[PDB]
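Data block for protein-v8.csv (CSV, C-alpha atoms and all ligand atoms):
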```
chain,number,residue,atom,x,y,z
N,1,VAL,CA,0.0,0.0,0.0
N,2,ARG,CA,1.4,3.3,-1.1
N,3,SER,CA,0.0,5.4,1.8
N,4,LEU,CA,-2.2,5.2,4.8
N,5,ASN,CA,-4.7,7.6,6.2
N,6,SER,CA,-5.8,7.7,9.9
N,7,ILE,CA,-8.8,9.7,11.3
N,8,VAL,CA,-9.5,10.5,14.9
N,9,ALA,CA,-11.3,13.0,17.1
N,10,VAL,CA,-9.5,14.0,20.4
N,11,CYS,CA,-10.3,16.3,23.3
N,12,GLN,CA,-7.8,18.5,25.1
N,13,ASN,CA,-6.5,15.6,27.1
N,14,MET,CA,-5.8,13.6,23.9
N,15,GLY,CA,-8.7,11.3,25.0
N,16,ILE,CA,-10.6,9.3,22.4
N,17,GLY,CA,-13.0,7.1,24.5
N,18,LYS,CA,-14.7,6.5,27.7
N,19,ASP,CA,-16.4,3.3,28.8
N,20,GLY,CA,-16.5,1.7,25.2
N,21,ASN,CA,-17.9,4.9,23.7
N,22,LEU,CA,-16.9,8.5,23.0
N,23,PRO,CA,-16.1,10.9,25.8
N,24,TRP,CA,-18.5,13.6,24.4
N,25,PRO,CA,-22.1,13.5,23.5
N,26,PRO,CA,-23.0,13.4,19.8
N,27,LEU,CA,-21.8,16.0,17.3
N,28,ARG,CA,-23.7,15.7,14.0
N,29,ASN,CA,-21.2,17.6,11.8
N,30,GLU,CA,-18.2,15.7,13.1
N,31,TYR,CA,-19.9,12.4,12.4
N,32,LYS,CA,-20.8,13.6,8.9
N,33,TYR,CA,-17.2,14.5,8.4
N,34,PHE,CA,-16.0,11.1,9.4
N,35,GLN,CA,-18.5,9.4,7.1
N,36,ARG,CA,-17.6,11.6,4.1
N,37,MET,CA,-13.9,11.3,4.4
N,38,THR,CA,-13.9,7.6,5.0
N,39,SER,CA,-16.5,6.7,2.3
N,40,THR,CA,-15.4,8.9,-0.5
N,41,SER,CA,-13.4,7.0,-3.1
N,42,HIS,CA,-11.6,8.8,-5.9
N,43,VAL,CA,-12.1,6.1,-8.5
N,44,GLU,CA,-15.1,4.4,-10.0
N,45,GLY,CA,-15.6,0.8,-9.3
N,46,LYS,CA,-13.6,1.0,-6.1
N,47,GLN,CA,-14.3,1.4,-2.4
N,48,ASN,CA,-12.3,2.5,0.6
N,49,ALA,CA,-11.1,0.1,3.3
N,50,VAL,CA,-11.3,0.8,7.0
N,51,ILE,CA,-9.2,-1.0,9.6
N,52,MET,CA,-10.2,-1.0,13.2
N,53,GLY,CA,-9.5,-2.9,16.5
N,54,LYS,CA,-12.0,-5.2,18.0
N,55,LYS,CA,-13.4,-2.9,20.7
N,56,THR,CA,-14.0,-0.2,18.1
N,57,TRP,CA,-16.0,-2.7,15.9
N,58,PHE,CA,-18.2,-3.7,18.9
N,59,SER,CA,-18.6,0.0,19.8
N,60,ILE,CA,-20.6,0.4,16.6
N,61,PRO,CA,-24.4,-0.3,17.0
N,62,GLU,CA,-25.0,-3.7,15.6
N,63,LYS,CA,-27.6,-2.6,13.2
N,64,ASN,CA,-25.1,-0.1,11.7
N,65,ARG,CA,-22.4,-2.7,11.0
N,66,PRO,CA,-20.5,-3.0,8.8
N,67,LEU,CA,-19.8,0.7,8.0
N,68,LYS,CA,-21.7,1.0,4.7
N,69,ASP,CA,-19.9,1.4,1.4
N,70,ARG,CA,-16.5,0.5,2.9
N,71,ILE,CA,-14.7,-2.8,3.2
N,72,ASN,CA,-14.4,-3.4,7.0
N,73,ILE,CA,-11.3,-5.2,8.4
N,74,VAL,CA,-11.2,-6.0,12.1
N,75,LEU,CA,-7.9,-6.7,13.9
N,76,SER,CA,-7.9,-9.3,16.7
N,77,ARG,CA,-5.3,-11.8,18.1
N,78,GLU,CA,-8.1,-13.7,19.8
N,79,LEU,CA,-10.9,-14.2,17.3
N,80,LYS,CA,-10.9,-17.3,15.1
N,81,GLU,CA,-13.3,-15.8,12.5
N,82,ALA,CA,-14.5,-12.3,11.4
N,83,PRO,CA,-17.3,-11.0,13.6
N,84,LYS,CA,-20.7,-11.2,12.1
N,85,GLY,CA,-20.9,-8.4,9.4
N,86,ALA,CA,-17.2,-7.7,9.1
N,87,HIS,CA,-15.6,-8.4,5.7
N,88,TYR,CA,-12.2,-9.6,6.9
N,89,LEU,CA,-10.4,-10.5,10.2
N,90,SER,CA,-6.6,-9.9,10.5
N,91,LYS,CA,-4.2,-10.7,13.3
N,92,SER,CA,-1.9,-7.8,12.9
N,93,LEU,CA,-1.8,-4.5,10.9
N,94,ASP,CA,0.9,-6.1,8.7
N,95,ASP,CA,-1.4,-9.0,7.8
N,96,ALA,CA,-4.2,-6.6,7.0
N,97,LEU,CA,-1.8,-4.6,4.7
N,98,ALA,CA,-0.8,-7.8,2.9
N,99,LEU,CA,-4.4,-8.7,2.6
N,100,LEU,CA,-5.1,-5.4,0.9
N,101,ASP,CA,-2.2,-5.9,-1.5
N,102,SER,CA,-3.7,-9.2,-2.5
N,103,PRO,CA,-5.2,-9.8,-6.0
N,104,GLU,CA,-8.9,-9.7,-5.0
N,105,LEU,CA,-8.6,-6.7,-2.7
N,106,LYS,CA,-6.0,-4.7,-4.7
N,107,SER,CA,-8.2,-4.0,-7.6
N,108,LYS,CA,-11.3,-3.4,-5.4
N,109,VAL,CA,-9.7,-0.9,-3.0
N,110,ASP,CA,-9.0,2.8,-3.3
N,111,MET,CA,-7.9,4.5,0.0
N,112,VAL,CA,-7.1,2.8,3.3
N,113,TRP,CA,-8.3,4.4,6.5
N,114,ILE,CA,-7.3,3.5,10.0
N,115,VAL,CA,-10.2,4.3,12.4
N,116,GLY,CA,-8.7,3.2,15.8
N,117,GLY,CA,-8.2,2.4,18.5
N,118,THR,CA,-5.0,3.3,20.3
N,119,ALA,CA,-2.9,0.2,19.3
N,120,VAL,CA,-4.1,0.4,15.8
N,121,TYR,CA,-3.1,4.1,15.5
N,122,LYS,CA,0.2,3.4,17.0
N,123,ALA,CA,1.1,0.5,14.7
N,124,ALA,CA,0.1,2.5,11.6
N,125,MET,CA,2.1,5.5,12.8
N,126,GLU,CA,5.2,3.5,13.2
N,127,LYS,CA,5.2,2.1,9.6
N,128,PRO,CA,7.7,3.8,7.3
N,129,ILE,CA,5.1,4.7,4.8
N,130,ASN,CA,3.5,7.9,3.6
N,131,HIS,CA,0.7,8.8,5.9
N,132,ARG,CA,-1.9,11.5,6.4
N,133,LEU,CA,-3.5,12.0,9.8
N,134,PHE,CA,-6.9,13.8,9.9
N,135,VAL,CA,-7.4,15.0,13.5
N,136,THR,CA,-10.5,16.8,14.9
N,137,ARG,CA,-9.3,18.7,18.0
N,138,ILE,CA,-12.3,19.3,20.3
N,139,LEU,CA,-11.3,22.3,22.3
N,140,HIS,CA,-12.7,21.2,25.7
N,141,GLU,CA,-11.8,18.5,28.2
N,142,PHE,CA,-14.0,15.4,28.8
N,143,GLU,CA,-13.2,12.5,31.1
N,144,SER,CA,-11.6,9.8,29.0
N,145,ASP,CA,-10.1,6.3,29.8
N,146,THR,CA,-8.5,5.7,26.3
N,147,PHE,CA,-6.0,8.1,24.6
N,148,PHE,CA,-4.4,8.8,21.3
N,149,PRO,CA,-0.7,7.8,21.2
N,150,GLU,CA,2.0,10.5,20.9
N,151,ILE,CA,2.5,11.8,17.3
N,152,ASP,CA,6.1,12.5,16.3
N,153,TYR,CA,6.0,16.1,15.4
N,154,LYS,CA,9.3,15.7,13.7
N,155,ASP,CA,7.8,13.3,11.2
N,156,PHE,CA,4.2,14.4,11.0
N,157,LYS,CA,4.1,18.0,9.8
N,158,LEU,CA,0.9,20.0,10.3
N,159,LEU,CA,-0.5,21.3,7.0
N,160,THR,CA,-1.8,24.9,7.0
N,161,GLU,CA,-4.4,24.0,4.4
N,162,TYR,CA,-5.9,21.0,2.8
N,163,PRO,CA,-8.5,20.7,0.0
N,164,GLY,CA,-12.0,20.3,1.4
N,165,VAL,CA,-11.0,20.7,5.1
N,166,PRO,CA,-12.4,23.9,6.7
N,167,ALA,CA,-9.7,26.0,8.2
N,168,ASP,CA,-11.7,28.0,10.8
N,169,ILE,CA,-12.7,26.9,14.3
N,170,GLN,CA,-16.1,25.2,14.0
N,171,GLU,CA,-18.8,25.2,16.7
N,172,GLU,CA,-21.7,22.8,17.3
N,173,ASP,CA,-23.8,22.3,20.5
N,174,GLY,CA,-21.8,25.0,22.3
N,175,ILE,CA,-18.5,23.1,21.7
N,176,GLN,CA,-15.7,24.3,19.4
N,177,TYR,CA,-13.4,22.1,17.4
N,178,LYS,CA,-10.9,22.4,14.6
N,179,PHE,CA,-9.8,20.1,11.8
N,180,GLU,CA,-6.1,19.5,11.3
N,181,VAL,CA,-4.2,17.4,8.8
N,182,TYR,CA,-0.7,16.2,9.5
N,183,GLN,CA,1.5,14.5,6.9
N,184,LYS,CA,4.4,12.1,7.1
N,185,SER,CA,6.5,11.7,3.9
N,186,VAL,CA,8.5,8.4,3.4
I,201,LIG,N1,-12.4,9.5,19.2
I,201,LIG,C1,-12.2,8.7,18.1
I,201,LIG,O1,-11.8,9.1,17.0
I,201,LIG,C2,-12.3,7.2,18.2
I,201,LIG,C3,-12.7,6.8,19.4
I,201,LIG,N2,-12.8,5.4,19.6
I,201,LIG,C4,-13.1,4.8,21.0
I,201,LIG,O2,-11.9,4.1,21.5
I,201,LIG,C5,-12.4,2.9,22.3
I,201,LIG,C6,-11.9,1.7,21.5
I,201,LIG,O3,-10.5,1.8,21.4
I,201,LIG,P1,-9.4,0.9,22.1
I,201,LIG,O4,-9.8,0.7,23.5
I,201,LIG,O5,-8.1,1.4,22.0
I,201,LIG,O6,-9.6,-0.5,21.4
I,201,LIG,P2,-9.4,-1.1,19.9
I,201,LIG,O7,-10.6,-0.8,19.1
I,201,LIG,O8,-8.0,-0.8,19.4
I,201,LIG,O9,-9.6,-2.7,20.3
I,201,LIG,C7,-8.4,-3.3,21.0
I,201,LIG,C8,-8.4,-4.8,20.5
I,201,LIG,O10,-8.3,-4.8,19.3
I,201,LIG,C9,-7.3,-5.7,18.8
I,201,LIG,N3,-6.1,-5.1,18.3
I,201,LIG,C10,-5.8,-3.7,18.5
I,201,LIG,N4,-4.8,-3.3,17.9
I,201,LIG,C11,-4.3,-4.6,17.3
I,201,LIG,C12,-3.1,-5.0,16.4
I,201,LIG,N5,-2.2,-4.1,16.1
I,201,LIG,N6,-3.0,-6.3,16.0
I,201,LIG,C13,-4.0,-7.1,16.4
I,201,LIG,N7,-5.0,-6.9,17.2
I,201,LIG,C14,-5.1,-5.6,17.6
I,201,LIG,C15,-7.0,-6.6,20.1
I,201,LIG,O11,-8.0,-7.5,20.1
I,201,LIG,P3,-7.8,-9.0,20.9
I,201,LIG,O12,-7.8,-8.6,22.3
I,201,LIG,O13,-9.0,-9.8,20.5
I,201,LIG,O14,-6.5,-9.4,20.4
I,201,LIG,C16,-7.1,-5.5,21.1
I,201,LIG,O15,-7.6,-6.0,22.4
I,201,LIG,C17,-13.9,3.1,22.5
I,201,LIG,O16,-14.1,4.0,23.6
I,201,LIG,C18,-14.2,3.8,21.1
I,201,LIG,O17,-15.4,4.5,21.3
I,201,LIG,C19,-12.5,4.5,18.6
I,201,LIG,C20,-12.1,4.9,17.4
I,201,LIG,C21,-11.9,6.3,17.0
I,202,CA,CA,-7.8,-9.4,24.5
```
What do you get writing this file as structure tokens?
Amino acid sequence: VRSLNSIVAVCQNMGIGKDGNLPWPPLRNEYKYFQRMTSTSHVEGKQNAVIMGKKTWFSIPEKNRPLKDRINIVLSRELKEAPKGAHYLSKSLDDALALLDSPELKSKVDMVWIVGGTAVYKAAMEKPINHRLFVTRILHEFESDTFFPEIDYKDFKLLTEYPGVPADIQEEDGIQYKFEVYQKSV
């Protein structure tokens, strides 16, 4: 795979989850952003793939699984078979990458998105491959029990602009947030 993309929303404490769910109540516009960015393919006949850990898969309401219009790959060292509704099960990020490179997948897949959690982000960030990280920074603090790993600011450079990503601070439900894009070139 030529390049990876990761997307996450974090609060001021770098928190991403609390008790199996998000630390903050629902933000409609943030959700729409995730859906659009991960579902949009730049090529006809192809779809994007999303890779996620097991607790992230089960955090999605059952009736909404798998994430529509994307090939869903779940990572787990314990499961024997892909959970009901998932397209593929992999035992490491490396296996999932290999999978994608395979014949069947290769022609069917456009972009690859990493959608969490912690260990999934961390493994993707360590690969010496071109990578774009789409971060939503929610400018408030919420209690969290699961955090985003540290990003190497020497490697991942913050872009000042990116096509189709609003620059300004956004606000919804009395909460402000900003979209940032960081890029690592390999
Ligand atoms: N704010 C945001 O952007 C996001 C927030 N969330 C939140 O994060 C939490 C879920 O995240 P987290 O707790 O970190 O869990 P994960 O979703 O990463 O699930 C962890 C499990 O996934 C498997 N796994 C994870 N990484 C790997 C790997 N590299 N290779 C193989 N298996 C792997 C293992 O399963 P096994 O034990 O079976 O081996 C591990 O126990 C929830 O609160 C969710 O709501 C999630 C995504 C994005
Ligand atoms: Ca486990």
query: residue 78 in chain N: which residues within 12 Å, counting all atoms listed in the file, same-chain residues fewer than 3 positions away excluded, as a ChimeraX atom specification?
result: /N:53-54,74-75,81-83,89-92
field: Point (-12.0, 6.0, 2.7), cut-off 7 Å, counting all atoms listed in the file, residues as a count of residues only
entry: 11
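The gap separating CA of residue 133 in chain N from CA of residue 146 in chain N is 18.4 Å, in Å to one decimal.
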query: From the list N:95, N:61, N:169, N:152, which residue is nearest residue 77 in chain N when using all atoms listed in the file?
result: N:95
message: Using only C-alpha atoms and a cutoff of 6 Å, can you tell me which residues are near (1.3, 7.5, 4.3) in the file's coordinates, and write them out as a PyMOL selection string?
response: chain N and resi 3-4+129-132
field: Residues near residue 126 in chain N, cut-off 10 Å, only C-alpha atoms, skip fewer than 4 positions along chain, as a PyMOL selection string
entry: chain N and resi 121-122+151-152
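For the pair CA of residue 117 in chain N and CA of residue 15 in chain N, the separation is 11.0 Å.
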message: What residues of the protein or nucleic acid chains come within 6 Å of ligand LIG 201 (chain I) when you use only C-alpha atoms and all ligand atoms? Reply as a VMD selection string.
response: chain N and resid 8 to 10 16 to 22 52 to 56 59 75 to 79 91 to 93 115 to 120 123 146
query: From the set N:65, N:140, N:46, N:36, which residue has the shortest atom-to-atom contact distance to residue 107 in chain N, counting only C-alpha atoms?
result: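 That would be N:46, the residue with the smallest distance to residue 107 in chain N.
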From N:173, N:186, N:51, N:66, residue lying nearest residue 28 in chain N [all atoms listed in the file]: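 When distances to residue 28 in chain N are compared using all atoms listed in the file, the smallest one comes from N:173.
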task: May I ask for the distance between CA of residue 80 in chain N and atom CA of ligand CA 202 (chain I), given in Å to one decimal place?
output: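 Separation of CA of residue 80 in chain N and atom CA of ligand CA 202 (chain I): 12.7 Å.
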message: Could you check the closest approach to residue 43 in chain N for each of N:180, N:94, N:110, N:150 and tell me which residue wins, using only C-alpha atoms?
response: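 For residue 43 in chain N, the nearest of the candidates is N:110.
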task: For each of N:33, N:147, N:156, N:134, take the minimum atom-to-atom distance to residue 185 in chain N, counting all atoms listed in the file, then give the residue where this is smallest.
output: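 The answer is N:156, which sits nearest to residue 185 in chain N.
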- line: In terms of only C-alpha atoms, the residue from N:161, N:27, N:87, N:168 at minimal distance from residue 181 in chain N is N:161
Reconstruct N, CA, C and O atoms of range 51-75 of chain N; output as a CSV table (one decimal), in the frame of the given file.
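Result file result31.csv:
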```
chain,number,residue,atom,x,y,z
N,51,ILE,N,-9.8,0.0,8.7
N,51,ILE,CA,-9.2,-1.0,9.6
N,51,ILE,C,-9.5,-0.5,11.0
N,51,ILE,O,-9.1,0.6,11.3
N,52,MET,N,-9.9,-1.4,11.8
N,52,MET,CA,-10.2,-1.0,13.2
N,52,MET,C,-9.9,-2.2,14.1
N,52,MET,O,-9.9,-3.4,13.7
N,53,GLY,N,-9.8,-1.9,15.4
N,53,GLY,CA,-9.5,-2.9,16.5
N,53,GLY,C,-10.9,-3.5,16.8
N,53,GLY,O,-12.0,-3.0,16.5
N,54,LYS,N,-10.8,-4.5,17.7
N,54,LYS,CA,-12.0,-5.2,18.0
N,54,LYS,C,-13.0,-4.5,18.9
N,54,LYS,O,-14.2,-4.6,18.7
N,55,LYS,N,-12.4,-3.6,19.8
N,55,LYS,CA,-13.4,-2.9,20.7
N,55,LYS,C,-14.0,-1.7,19.9
N,55,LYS,O,-15.2,-1.5,20.1
N,56,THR,N,-13.3,-1.2,19.0
N,56,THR,CA,-14.0,-0.2,18.1
N,56,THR,C,-15.1,-0.8,17.3
N,56,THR,O,-16.2,-0.2,17.2
N,57,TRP,N,-14.8,-2.0,16.7
N,57,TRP,CA,-16.0,-2.7,15.9
N,57,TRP,C,-17.2,-2.8,16.8
N,57,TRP,O,-18.3,-2.6,16.3
N,58,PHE,N,-17.1,-3.4,18.0
N,58,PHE,CA,-18.2,-3.7,18.9
N,58,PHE,C,-18.8,-2.4,19.5
N,58,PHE,O,-19.9,-2.5,19.9
N,59,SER,N,-18.1,-1.3,19.3
N,59,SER,CA,-18.6,0.0,19.8
N,59,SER,C,-19.6,0.5,18.8
N,59,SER,O,-20.5,1.4,19.0
N,60,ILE,N,-19.6,0.0,17.6
N,60,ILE,CA,-20.6,0.4,16.6
N,60,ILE,C,-21.9,-0.3,16.9
N,60,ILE,O,-21.9,-1.6,16.9
N,61,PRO,N,-23.0,0.4,16.9
N,61,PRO,CA,-24.4,-0.3,17.0
N,61,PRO,C,-24.5,-1.4,16.0
N,61,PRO,O,-24.2,-1.2,14.8
N,62,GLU,N,-24.9,-2.5,16.5
N,62,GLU,CA,-25.0,-3.7,15.6
N,62,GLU,C,-25.7,-3.5,14.3
N,62,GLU,O,-25.3,-4.0,13.3
N,63,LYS,N,-26.8,-2.8,14.4
N,63,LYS,CA,-27.6,-2.6,13.2
N,63,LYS,C,-26.9,-1.7,12.2
N,63,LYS,O,-27.3,-1.7,11.0
N,64,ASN,N,-25.9,-0.9,12.6
N,64,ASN,CA,-25.1,-0.1,11.7
N,64,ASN,C,-23.8,-0.8,11.2
N,64,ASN,O,-23.0,-0.1,10.6
N,65,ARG,N,-23.7,-2.1,11.5
N,65,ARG,CA,-22.4,-2.7,11.0
N,65,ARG,C,-22.7,-3.6,9.8
N,65,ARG,O,-23.8,-4.2,9.9
N,66,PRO,N,-21.7,-3.7,8.9
N,66,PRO,CA,-20.5,-3.0,8.8
N,66,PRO,C,-20.7,-1.5,8.3
N,66,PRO,O,-21.8,-1.2,7.8
N,67,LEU,N,-19.7,-0.7,8.5
N,67,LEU,CA,-19.8,0.7,8.0
N,67,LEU,C,-20.1,0.6,6.4
N,67,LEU,O,-19.3,0.1,5.7
N,68,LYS,N,-21.3,1.1,6.1
N,68,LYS,CA,-21.7,1.0,4.7
N,68,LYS,C,-20.8,1.6,3.7
N,68,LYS,O,-20.1,2.5,3.9
N,69,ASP,N,-20.7,1.0,2.5
N,69,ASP,CA,-19.9,1.4,1.4
N,69,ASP,C,-18.4,1.4,1.6
N,69,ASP,O,-17.6,2.0,0.8
N,70,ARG,N,-18.0,0.6,2.7
N,70,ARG,CA,-16.5,0.5,2.9
N,70,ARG,C,-16.3,-1.0,3.2
N,70,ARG,O,-17.2,-1.7,3.7
N,71,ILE,N,-15.1,-1.5,2.9
N,71,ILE,CA,-14.7,-2.8,3.2
N,71,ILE,C,-14.1,-2.7,4.7
N,71,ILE,O,-13.1,-2.0,5.0
N,72,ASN,N,-14.8,-3.5,5.6
N,72,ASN,CA,-14.4,-3.4,7.0
N,72,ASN,C,-13.5,-4.5,7.4
N,72,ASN,O,-13.8,-5.7,7.2
N,73,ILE,N,-12.3,-4.1,7.9
N,73,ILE,CA,-11.3,-5.2,8.4
N,73,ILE,C,-11.1,-4.9,9.9
N,73,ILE,O,-10.8,-3.8,10.3
N,74,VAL,N,-11.3,-6.1,10.6
N,74,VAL,CA,-11.2,-6.0,12.1
N,74,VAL,C,-9.8,-6.7,12.5
N,74,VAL,O,-9.6,-7.8,11.9
N,75,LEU,N,-9.1,-6.1,13.4
N,75,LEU,CA,-7.9,-6.7,13.9
N,75,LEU,C,-8.2,-7.4,15.3
N,75,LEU,O,-8.8,-6.7,16.2
```
